[PDB]
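Engineer: As a preliminary step, the opening chains of the complex are given here in situ:
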Amino acid sequence: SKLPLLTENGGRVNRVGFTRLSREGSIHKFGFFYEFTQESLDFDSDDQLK
């Protein structure tokens, strides 16, 4: 039914078109932090804590 047949005299028959979509992707910013008092690294059992 949709085969693009062409007759002998031709003319404006079987005109086609095209489309062009687009993509996207964004960059996001992350981060986290901890805190520690000097008298916690010092004055503690584990020398290798930090």
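Structural biologist: Nice, I can see it. Numbers count the residues shown, from 1 in each chain, chains lettered A, B, ... in the order given.
Engineer: Contact partners for residue A:17?
Structural biologist: The contact partners of residue A:17, taken as Cβ atoms under 8 Å, 6 or more residues apart in numbering, number zero. C-betas here are computed from N, CA, C, even on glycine.
Engineer: Which secondary structure state is assigned to it?
Structural biologist: Classification of residue A:17 using DSSP: H, G, I helix; E, B strand; the rest coil returns coil.
Engineer: Check the gap between residue A:31 and residue A:22 for me.
Structural biologist: Separation of residue A:31 from residue A:22 (Cβ to Cβ, to the nearest Å): 30 Å.
Engineer: Over to residue A:13?
Structural biologist: Look at residue A:13 and residue A:22: by Cβ to Cβ, they are 32 Å apart.
Engineer: same structure, new chain, call it chain B:
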Amino acid sequence: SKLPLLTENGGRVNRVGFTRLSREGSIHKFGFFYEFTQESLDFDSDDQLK
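Structural biologist: Putting chain B together with the chains above:
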């Protein structure tokens, strides 16, 4: 009951016939096209649109 048999005394006792058939095929025409406008080619974001 149909094997051809020939006596030594001459022939004209076995005549055969032949037949031939015909096969056919046909051609067809196809086509399609698209329009476009200069601007669409020299103002569009992509350079290689054509």
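Engineer: Please re-evaluate the contacts of residue A:17 in the presence of chain B.
Structural biologist: The contact partners of residue A:17, taken as Cβ atoms under 8 Å, 6 or more residues apart in numbering or on different chains, are residue B:34.
Engineer: So which bits of chain A are right by chain B?
Structural biologist: Contact residues, chain A versus chain B (Cβ under 8 Å from any Cβ of the partner chain): A:3-8, A:10, A:13-18, A:20.
Engineer: Give me the most central residue, chain A.
Structural biologist: In chain A, the residue lying closest to the centroid (Cα atoms, centre = their mean) is residue A:25, at 3.5 Å.
Engineer: For that residue, give its distance to chain B.
Structural biologist: Using Cβ to the nearest Cβ, to the nearest Å, residue A:25 is found at 18 Å from chain B.
Engineer: Just the element for that residue, please.
Structural biologist: For residue A:25, there is no host helix or strand (DSSP states H and E).
Engineer: What segments of chain A are helices?
Structural biologist: In chain A, the segments counted as helices under DSSP state H are A:38-41.
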